[PDB]
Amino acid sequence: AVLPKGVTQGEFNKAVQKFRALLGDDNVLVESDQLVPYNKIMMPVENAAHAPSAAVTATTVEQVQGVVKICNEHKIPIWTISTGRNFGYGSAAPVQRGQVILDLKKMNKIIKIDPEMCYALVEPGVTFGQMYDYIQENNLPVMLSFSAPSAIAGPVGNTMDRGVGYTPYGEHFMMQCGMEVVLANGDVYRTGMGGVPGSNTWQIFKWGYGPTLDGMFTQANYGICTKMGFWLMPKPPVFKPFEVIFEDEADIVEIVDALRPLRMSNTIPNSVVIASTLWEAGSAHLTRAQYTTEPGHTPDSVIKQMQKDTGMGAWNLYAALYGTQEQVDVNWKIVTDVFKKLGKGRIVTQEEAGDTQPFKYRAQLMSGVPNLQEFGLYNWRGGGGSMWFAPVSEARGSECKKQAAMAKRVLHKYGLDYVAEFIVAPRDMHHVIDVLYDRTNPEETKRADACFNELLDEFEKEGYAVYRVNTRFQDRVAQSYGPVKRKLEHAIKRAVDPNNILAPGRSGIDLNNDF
């Protein structure tokens, strides 16, 4: 059946025999029926291309050390997942056909949540839902940060891919402090202060001494993360979410330039999300089929009608205010006067859009309470086809108009929509585009793959590169960053993983490459 690249049936059988002896029978999965749920992908390619050979489930660090020991003996490529909810990025499926999946979902212990120092030390399988229950049950004054998958996703996996949230602690890797990784040679390495016997500073001081290597492991294949610590925001006494609706599409240029100094001075402490009409629509659970059944993209005419019927704008911005009532009231006056001086957009408060969607879910995401509302984006066209295309730019308004026109032009060419949002951070602007299509339709699927390649080519030409991408385009994106980087990355890979067992192909790092 499905076998690892370069491994023979007999050599694979010796490996599976050793996996069983170490882990047990119910922890080693080799049958198609139990391997099928790992194969579910939203990428424009057949399942066979990212089909795993086996799936092992470890619960302890000693077991992970055992698994890599066996993998080195029989040159078995292993793909590590934590919660495996990487939708639009490859899901739980390997980067290459035939790798064994090291599923650490069962390694789900919340080791410590300090309510005074405000940190958490967790294992891979811990979900944000599991963490939220523990925080609500034990009445801890901490707040959590996550993205839409929230409840079903986890801190470790999201951070290993350097994911983002919507609270002031939204830059997840920036709030990460301390991690434990098991290297290819079985050694257990702890970053920062973790290597010091009897220390209580692992989740307190980031760097440690000597080279600080947490970053070396994120978006890489040089170790398997078994423990990870991060900082938690103390729960503020007052939370004030707001929305600003904008009628015209050209308004994006003036909004971003007006919002940047407020975001840079920390007056608006969380990342400001400016959502397009179609993003706003899919999240409010409207489908394309209830407006038009015509082929190709959704015309400007129907988008204009969607705006009229619902009251949603061309651009819908969401942000929040945190602190004491007095500091919130002061920051409120500063934010209000900026929008008044601009003479555009209407302010929508928690008073006005009470229990209404999409305000309710965004307000929840901005205060760390889980909900999966934004999954409606997959109902816009349906079919289970979705890929994230997300380049980065300066938080400059002229960059919005430039990138939007570029994206819109390539999307429409293939009959796909411009479903996007800008996430404005202090200096960096993120153009998150969800290229949504119908994966059950083979013709639309072939166009989506083509559309994705062209979006990469078009943007790379104007100097833009993506910072996270699906498994299928991981080697391609590695090329946007140049040869020296790739040469350095393969040099480190030969040093820590001589046998090329640790997820070869992840971020374009594979020893079978000529670097």
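Note that residue numbering begins at 1 and tracks the sequence as displayed.
For the pair 229 to 237 and 298 to 306, the record assigns the higher mean C-alpha temperature factor to 298 to 306. Across the two stretches, 165 to 173 and 286 to 294, the PDB entry reports the greater mean Cα temperature factor for 286 to 294.
Across the residues 393, 277, 191, 139, the deposited record lists the maximum Cα B factor for 139. When the C-alpha B-factors of 430, 360, 344, 412 are read from the PDB record, the largest value belongs to 344. Sort the chain's modelled residues by C-alpha temperature factor and residue 220 lands in the lowest third, per the entry. Annotation for residue 44: CA B-factor lies in the middle third of the chain's modelled residues. Ranked against the other modelled residues of its chain, the C-alpha B-factor of residue 480 as given in the entry falls in the lowest third. Placement of the Cα temperature factor of residue 31 within the chain: highest third of the modelled residues, per the deposited record. Residue 246: CA B factor in the highest third of modelled residues in this chain (values from the PDB entry).
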